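In structure tokens, the next block holds one chain alone, the form deposited in one PDB entry.
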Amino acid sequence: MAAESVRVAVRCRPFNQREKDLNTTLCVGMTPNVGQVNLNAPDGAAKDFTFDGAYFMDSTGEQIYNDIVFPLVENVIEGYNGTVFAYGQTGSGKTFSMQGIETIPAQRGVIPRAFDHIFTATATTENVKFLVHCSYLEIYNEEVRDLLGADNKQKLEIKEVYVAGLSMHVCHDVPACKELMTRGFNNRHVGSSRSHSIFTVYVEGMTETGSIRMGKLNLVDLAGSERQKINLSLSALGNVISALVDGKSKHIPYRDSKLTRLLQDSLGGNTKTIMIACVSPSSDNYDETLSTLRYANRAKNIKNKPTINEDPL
């Protein structure tokens, strides 16, 4: 019912083989106890930032999920809208935090964890019956496409907010969700750096009193945040966040891109939103990391108004 700011967590990825070979300097510092993130310049001069979560090179998707995503997914199951999106330059770790890996068990991402969590929590609740639906879309060069639809290479129209004609796939267990994510990656545009993608899980709960709640979860993997209408949605996103927090902007320019129009309810609206800002640890990425930290620091101040979406008969 009440005003709720956007939760922001920073996740610094570990060095990569090449950063180790080059003998790259660790310019990023963290003190997770108070969500502190520092960025050291080549001379030593540090820049300090405070976030709701700081995850250093040794962090797992298992610990980020438990701390930040798990209470949001419980909120979704109660009839709330929830949005989790990854922000950061190409290479920073956005996809590793969203999808993750299944050969290091603690490094499974927030997406397959939300599937296991939703299906386990809905199976334990005997006082509410549940219908799970799943959609998956991609926005490349302002062209919205349905990664699950019958014609995966067709542009879609938006009406008000919804993507008019997007397929909503019913899921009866976790493997049904995993089949859509697998088939959705094969429908990505080739003719994954400059495109964005939204995977939504809708949780409809019918209670014994009779009322029905409808909460949805948006799992957003954004395009690379690196400097340079291919970048229209990314520039509009920053402009939207800027308008939302600058205090002078009475009119938020959501209609300036396909991504901002869709995620409009997740930025200032009836949604509990979480941003996962992914950063690289190496000094060769100083400018992009500084850009991402400043951008995520501004996102902290977006004021949403999430309420329970539960209509009684």
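One-based numbering along the sequence shown.
Unshown form solved in complex with a small molecule; subsequent notes refer to it.
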{"property": "Listed residue that, although the small molecule is not shown, lies within 4.5 Å of it in the entry with it bound (heavy atoms), from 197, 89, 200, 233", "result": "89"}
{"property": "Single option in 141, 75, 207, 95 placed near the small molecule in the entry with it bound, where near means a heavy atom within 4.5 Å", "result": "95"}
{"property": "Contact stretch among 20-28, 5-13, 286-294, 300-308 - heavy atom within 4.5 Å of the small molecule in the entry with it bound", "result": "5-13"}
